[PDB]
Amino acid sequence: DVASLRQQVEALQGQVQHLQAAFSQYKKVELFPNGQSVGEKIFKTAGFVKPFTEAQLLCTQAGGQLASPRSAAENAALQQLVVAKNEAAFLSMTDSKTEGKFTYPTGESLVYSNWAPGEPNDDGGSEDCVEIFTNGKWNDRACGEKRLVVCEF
């Protein structure tokens, strides 16, 4: 029975090696041209624009959330997608509860930001959502405007 278990372990090693190698190829295929991997996070664009409320619902129904960069490296990876599509995108964070205090959907306060000079400026008094430009910088923006839909998984 030690001999039999040894045979079974050897077969499993071969099967796991096969899946690892096959899946490694498919990761690259899948992310071309609308995805970007950075650390343990994956950004994926829908390739079209929506208002914030509708963008948020699409990401949540897909089992993820709107793009939420938590470091300069995550932000630069997101910027790569935004540049390639040439369309600014919504982020997840809003200051709807408390004006000036932007938070994640959980209510946690920001661990990273990349605001353009002078932003947030609440231009017109009702900019409660956040966009990322093609240069990677952030701007507060009215939630009713349409921007590129990018989710994180």
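We number the residues from 1 along the sequence you see. So that the term is clear: the rigid core is the largest set of C-alpha atoms that superpose within 1.5 Å between two forms.
Of the two stretches examined, 132-140 and 11-19, the one with higher mean CA deviation in 9 other deposited structures of this protein after a rigid core fit is 11-19. Per-stretch averaging of Cα B factors for 53-61 and 95-103 places 95-103 on top. Two stretches are in play, 5-13 and 127-135, and the higher mean C-alpha B-factor belongs to 5-13. You'll see in the entry that, of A88, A84, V38, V29, the Cα B factor peaks at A84. Ranked within its chain, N75 lands in the lowest third, by CA B factor from the PDB record. Ranked by Cα temperature factor within the chain, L110 sits in the highest third according to the deposited record.
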